[PDB]
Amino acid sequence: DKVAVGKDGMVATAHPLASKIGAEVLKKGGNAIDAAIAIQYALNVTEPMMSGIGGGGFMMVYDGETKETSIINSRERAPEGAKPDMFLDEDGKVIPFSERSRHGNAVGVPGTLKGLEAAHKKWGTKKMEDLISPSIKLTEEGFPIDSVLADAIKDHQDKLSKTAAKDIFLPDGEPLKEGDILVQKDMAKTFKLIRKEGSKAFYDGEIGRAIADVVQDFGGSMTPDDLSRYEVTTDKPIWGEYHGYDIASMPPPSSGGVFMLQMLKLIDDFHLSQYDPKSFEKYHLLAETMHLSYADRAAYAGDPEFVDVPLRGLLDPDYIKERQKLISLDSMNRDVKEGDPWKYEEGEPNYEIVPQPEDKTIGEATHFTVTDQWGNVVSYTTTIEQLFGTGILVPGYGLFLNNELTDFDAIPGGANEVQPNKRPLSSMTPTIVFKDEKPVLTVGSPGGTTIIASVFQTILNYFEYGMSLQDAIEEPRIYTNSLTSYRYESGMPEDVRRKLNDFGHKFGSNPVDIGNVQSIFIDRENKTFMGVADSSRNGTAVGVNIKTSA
């Protein structure tokens, strides 16, 4: 079911099998981290277009013992053979996203598996053999697919029809429909090999060199030395405060936390509870806020190891006011340029503001969350950049490679320019909300740049409007990053949309799904966990109740 309640454990994932697997891990004494790993593998199996060991993600973990919140950063790095103008042709103009998404240089160094390694060596309590076996037997013996997978295959037949993925997903040229069984023998082989040799086989073994060869064959410049040079990082979350709660989220190289918190700070003083959850005022103010935030994102966000992001000025109260001057109910801001936070901050941008064309299909990830009986809290957002990533299947291994490096700017000079060993700017937002410095909520969503809007709104809907968790998730969302791009979910009143367009907005004719939030609420005063999965997909929440003497 989409909503469940537990007392000793709780799991919320995008695929039911992964949910029941993680729940099983919790059931026989495992913790939230073990479950997180098992769920990662199960998601690799059942939803290979969203997450994988050929991709990367951000894993937020709240430790039950040390009471510390840390982040396993497994973002992909560019090879040192990667160049700033590698997204430009010989004529100095931007290669279309359709070709960029599938090319060799779009592939970054996969970091997921090493992230799982670090997580297992820090908080792991069960043998990873046990954690990977169910996924192995899920790829070996097959499984009946869901509607999301089938629709994804049918919508991306063309990308899959040029790689080693056809003979698996397009048997005779026909995509596997809902109910069809998906068998992945080669994937099972890779999982078994990893079960044998560990991460060694991936980063210093046959799998690595194979990935290298197929990448170079697709025009890439990645070497096995690039793989063997890779290490995950550990990040301290970015902190904000909203209506008495402390919010912990993802800092650079992700843009999620900073500007989600910025949107919160910007819209807080308008008190949206004053208006109706489907009124003109709320939607309008949301849009006006998002424009400013994304405007800043397009100019000030990038890998902190390479460029300086002005966090301190992006969240400064006086700066927030200065930007709030541009937000009003009586008019619409038609000149949406990035603000100047550097006033309120020591330092100077070591780059320039470089305009980018908006040729970006927006990609989808997967987010999941786990909670155990020891106060450990896991909120993991993992991704290959887009559905099936590049589409490139590692030959003989049945593994999809990401196109994460497209998250870089096509035109160099900016903070998010292509640099070697540099991590591309992400929009993912794994987030944990605390009260009295103790975890009470988990928020996270997939869908590239829209994620920030999905989380924000959700959080808003939960605290400003005080709605229930499922109501906060299911409450229709909107998205806009410019005066040209607008999206709205099914649920917005037609007259309100029409008036919004009369005010200068550009909402389209038909609605689309925005994000997919899985969340876990921690009710300590009732000693239970509540799990909710978004209806946008076939997500699932499963609770765990363990008897004493067990």
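The first residue of the sequence shown is number 1, and the count goes up from there.
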| property | result |
| --- | --- |
| Segment of higher mean CA temperature factor, 110-118 or 165-173 | 165-173 |
| 51-59 versus 520-528 - greater average Cα B-factor per the deposited record | 520-528 |
| Member of 293, 328, 379, 216 with the greatest C-alpha B factor (per the PDB record) | 216 |
| Candidate residues 305, 475, 407, 206, the one whose C-alpha B factor the record puts highest | 206 |
| Third of chain Cα B-factors occupied by residue 446 | lowest |
| B-factor third for the C-alpha atom of residue 420 within its chain | highest |
| Ranked against its chain, the third holding the CA B-factor of residue 27 | highest |
| Residue 70 by Cα B-factor - lowest, middle or highest third of the modelled chain | middle |
| Third assignment of residue 3 from its chain's C-alpha B-factors | lowest |
